[PDB]
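This is the structure I have questions about; it appears just below.
All values below were derived from every heavy atom in this structure, side-chain atoms included, with hydrogens, water molecules and symmetry-related copies excluded. In what follows, every chain begins at residue 1, and chains take the letters A, B, ... in the order their sequences are listed.
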Amino acid sequence: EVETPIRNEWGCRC
Amino acid sequence: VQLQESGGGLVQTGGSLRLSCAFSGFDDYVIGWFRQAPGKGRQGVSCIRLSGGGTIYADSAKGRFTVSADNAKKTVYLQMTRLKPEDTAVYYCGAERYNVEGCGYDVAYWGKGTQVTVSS
């Protein structure tokens with residue numbers, strides 16, 4: 001139910 | 001599993017407030033703080049990984065808010081400072097299985113919410 005998650009800019013996905 | 005927020009109230013502009021989230025029934029869980037103003041969506045504020053205490057912040061939380069955990073007390077805290085009227089909202093704690101891409105993508109458990117109101 002979260003409109004705006006906190007993105008990790010140094011994650012796994014390229 | 002259970003989450004319960006406390007510490008909500010009325011704060012003067014520029015003031016501080018500390019919220020608590022009591023947790024029970026946990027694997028590698030994150031406790032996050034999310035806020036929702038009337039008729040708006042839920043916005044991620046700050047999250048902590050209970051295993052090791054690593055943290056991630058929304059841009060507006062950086063510097064002035066600190067999220068922390070006392071695993072012994074099974075409590076997570078959000079210490080807020082320099083509060084403004086735009087910070088007025090229901091604050092929720094939420095739990096999710098650790099996701100390296102960030103916080104708030106799959107919240108599995110929610111607290112009941114605590115009203116924070118900031119005015120002059």
Side-chain angles (χ1 to χ4, degrees), chain A, chain B residues 3 5 21 28-49 52-67 76 78 86-87 89-113:
Chain A
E1 316 179 25
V2 173
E3 184 185 18
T4 312
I6 311 175
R7 177 133 173 75
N8 176 15
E9 238 197 272
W10 205 260
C12 262
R13 254 171 235 154
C14 50
Chain B
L3 299 166
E5 302 85 335
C21 180
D28 184 1
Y29 273 91
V30 168
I31 308 289
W33 293 98
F34 303 82
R35 68 185 184 184
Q36 181 167 33
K40 306 293 174 213
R42 296 210 179 157
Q43 320 291 315
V45 177
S46 313
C47 307
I48 188 163
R49 193 181 188 174
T55 57
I56 195 181
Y57 292 87
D59 286 354
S60 182
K62 287 179 182 166
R64 59 170 186 140
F65 295 179
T66 305
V67 61
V76 156
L78 182 71
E86 280 175 350
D87 293 300
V90 179
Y91 287 67
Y92 293 97
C93 60
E96 90 174 327
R97 300 180 164 288
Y98 183 66
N99 180 355
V100 69
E101 302 298 343
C103 192
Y105 291 104
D106 188 4
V107 179
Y109 304 101
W110 288 106
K112 57 187 278 287

Quiz item: Any sub-3.5 Å donor-acceptor pair from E5(B)'s side-chain atoms to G113(B)'s backbone N or O?
Solution: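 Yes, the answer is positive, given that a donor and an acceptor are paired below the 3.5 Å cut-off.
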Quiz prompt | Gap between atom CG of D87(B) and atom CZ of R64(B) - 0.5 Å precision | solution =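 Reported to 0.5 Å precision, the distance equals 4.0 Å.
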Exercise. Write out, in numerical order, the residues from residues 95-103 of chain B with a heavy atom short of 4.5 Å from a heavy atom in chain A.
Key: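 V100(B), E101(B), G102(B), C103(B), listed by number.
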Self-check item: Region of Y105(B) that comes under 4.5 Å of a non-hydrogen atom in chain A
Solution: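 Both the backbone and the side chain of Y105(B) come within 4.5 Å of chain A.
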Exercise. Report the residue from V30(B), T55(B), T66(B) that forms a side chain to side chain contact (heavy atoms under 4.5 Å, CB included) with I48(B).
Key: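 Among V30(B), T55(B), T66(B), the one that satisfies the side chain to side chain contact (heavy atoms under 4.5 Å, CB included) with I48(B) is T55(B).
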Exercise. Over all heavy atoms of both residues, which pair between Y57(B) and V67(B) is shortest? Give the atoms and the distance, please.
Key: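 Where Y57(B) meets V67(B) most closely, the heavy atoms are OH-N, 2.8 Å.
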Quiz item: Is a donor on one side and an acceptor on the other found under 3.5 Å between the side chain of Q43(B) and the backbone of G41(B)?
Solution: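 Confirmed, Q43(B) side chain pairs with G41(B) backbone.
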Exercise. Calculate, to the nearest 0.5 Å, the distance between atoms OG and NZ belonging to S46(B) and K62(B) respectively.
Key: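 NZ of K62(B) is found 10.5 Å from OG of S46(B).
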Quiz prompt | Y109(B) and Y29(B), any side-chain heavy atoms less than 4.5 Å apart | solution =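 SC-SC contact between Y29(B) and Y109(B) confirmed.
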Quiz item: Top residue by heavy-atom pair count (under 4.5 Å) with chain A, among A58(B), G94(B), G32(B), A61(B)?
Solution: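 The residue among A58(B), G94(B), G32(B), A61(B) with the greatest pair count is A58(B).
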Self-check item: Minimum heavy-atom distance between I6(A) and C47(B), given as atom pair plus value
Solution: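 Closest pair (atom of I6(A), atom of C47(B), distance): CD1-SG, 4.0 Å.
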Quiz item: Quick one: of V107(B), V45(B), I56(B), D59(B), who has the most non-hydrogen atom pairs under 4.5 Å with chain A?
Solution: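 With the most close heavy-atom pairs to chain A, the winner is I56(B).
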Quiz prompt | Contact class of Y92(B) relative to chain A, heavy atoms under 4.5 angstrom | solution =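 Neither part.
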